[PDB]
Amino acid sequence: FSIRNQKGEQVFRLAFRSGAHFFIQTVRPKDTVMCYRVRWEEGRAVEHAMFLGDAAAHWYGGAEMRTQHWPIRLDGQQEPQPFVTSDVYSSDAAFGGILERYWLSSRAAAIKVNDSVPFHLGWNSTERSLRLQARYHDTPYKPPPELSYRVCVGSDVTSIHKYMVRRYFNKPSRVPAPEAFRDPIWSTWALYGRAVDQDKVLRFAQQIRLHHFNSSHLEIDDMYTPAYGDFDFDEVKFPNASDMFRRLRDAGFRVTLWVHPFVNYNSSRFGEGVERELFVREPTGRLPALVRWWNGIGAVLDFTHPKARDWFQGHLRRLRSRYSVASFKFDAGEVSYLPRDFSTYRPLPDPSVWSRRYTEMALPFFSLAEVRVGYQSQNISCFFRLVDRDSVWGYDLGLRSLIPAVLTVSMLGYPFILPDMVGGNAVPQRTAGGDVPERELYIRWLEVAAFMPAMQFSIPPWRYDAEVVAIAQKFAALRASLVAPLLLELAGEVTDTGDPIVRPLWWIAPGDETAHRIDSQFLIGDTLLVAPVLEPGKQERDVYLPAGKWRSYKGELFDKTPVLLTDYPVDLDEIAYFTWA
């Protein structure tokens, strides 16, 4: 079938690919919105092919991906694979920790695949299609096959988007700590890695103050515990944790701790987990299932089990009372780390609801919590971190990935976004510059990061030179005076409007074909327009201003719009931004 709008244009086209209980129910929820409920139910896979269309048609949403484009680009052929929370760090086939079955068109069509579907997603570049599949074979989906979805058609991309988000996604009711929207977060992970210890945390805190930076908080990362699954400090690397936390308090540092859902087989807590039955089980529901993650082999906690939830929460509360820790970084949470076939205390026909149940563990510590997964987690009022970025320039987890990823996550109704580490994680063989991100990549990244809801340093500015430190202090000051006040105001609006903080250009210019295509610019609310340099050896870039009057950061009033500003000057130590007038 195919669908048109009131103006007569074809906005949606779909081919049946399993063959030629089916229904299409038309609904008129508003004078300007037309929705089409669709079902195909016959034991053999259902597949429908959704055509993106004639390249003037641009699409947004779906999953956080390793290679994030905006609008969405289909590369090659992909057989339908489970649309579930996966770790996308090392896979361009899989789908990332934050996703919904939601696709939005610039032609003002949108599709929400029904939550019931055992949903698998593939694609075909040749015919430019999304391959929408329901199946129960070779998949972590369990029965409780049906492909069911709703296609809606509005007047423009922004109105139809707002209708869909208000229909399907819950807004958060609370706001993270104000300081997290202004002062940089400092993380041990990229700087020190696993080898972090009591000396290194204190040296870091000293160096942060010596170079005159504020902190939202200091985040002590992997690894501070004797084994993965233990909750208390390794006394070899942390001789007197209490004294460490006292010193950090004296220097005005709030502190968070890296946590995860795993208990390795050589944790002092593994036996306790087995005997108390706190772990995700093999299919028969009798025994723990072993899992492999990047930090070894063990079990994973069952967050559908009240005993496992209270047990995890108990250890977090103890770290809080013992050390005055503010909150936690909840790492992993993807079901790609659960077994293919598993059982839990409450059955999960949809495995990704496990990811949701993990994100619930942040609720009691939400104010300075971060998670890196979201599956209908929008009403959890903590920060959502993009999956670990690499110290490269490109769309593959690099600098050019930041704006597509942040916008994608914003489309899915998560306002409080943390675009991971300034300069990336500096992984050997995945670092433009060898040991650390090259100076120019670090500077351009820092500048984009200064305009996002939360800013996190690991490799600090003073690792480079005094000019890089000066650039950092400049953008820290600019963030405090211009960006932070707006982020907080927009953060406070979310409860009422459900609108995101970081917005695509097309948000205010929904009928603008150029705004539909832009992946190099973004808005903070409707009034701040940001155009970072995202290419090396460049001291200028083309800047698109949509309809309306815009006052440049230099005081230039642009009142003949829309217009492309060609070779607009932007020095290494500058970012192009424009305020609505």
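Position 1 is the first residue in the sequence shown; the rest follow in order.
- Deposited sequence between residue 42 and residue 43: 1 to 3 residues lack coordinates.
- A chain break between residue 434 and residue 435 is not present, all residues of the deposited sequence in that interval being modelled.
- Per the PDB record, of the two stretches 479-487 and 130-138, 130-138 carries the greater mean B-factor over its C-alpha atoms.
- Of the two segments, 22-30 and 523-531, the one listed with the higher mean B-factor is 22-30 (C-alpha atoms only).
- Listed residues 372, 200, 292, 161 were ranked by CA B-factor as deposited; 200 comes out on top.
- Looking only at 71, 76, 298, 176, the residue with the top Cα B factor in the deposited structure is 76.
- Sort the modelled residues of the chain by CA B factor and residue 66 lands in the lowest third.
- Per the PDB record, residue ranking by Cα B-factor puts residue 250 in the highest third of the chain.
- Among all modelled residues in this chain, the alpha-carbon of residue 121 has a temperature factor (C-alpha) in the middle third.
- Ranked within its chain, residue 445 lands in the lowest third, by CA B factor from the PDB record.
- When the modelled residues of the chain are ordered by their C-alpha B factor, residue 516 lands in the lowest third.
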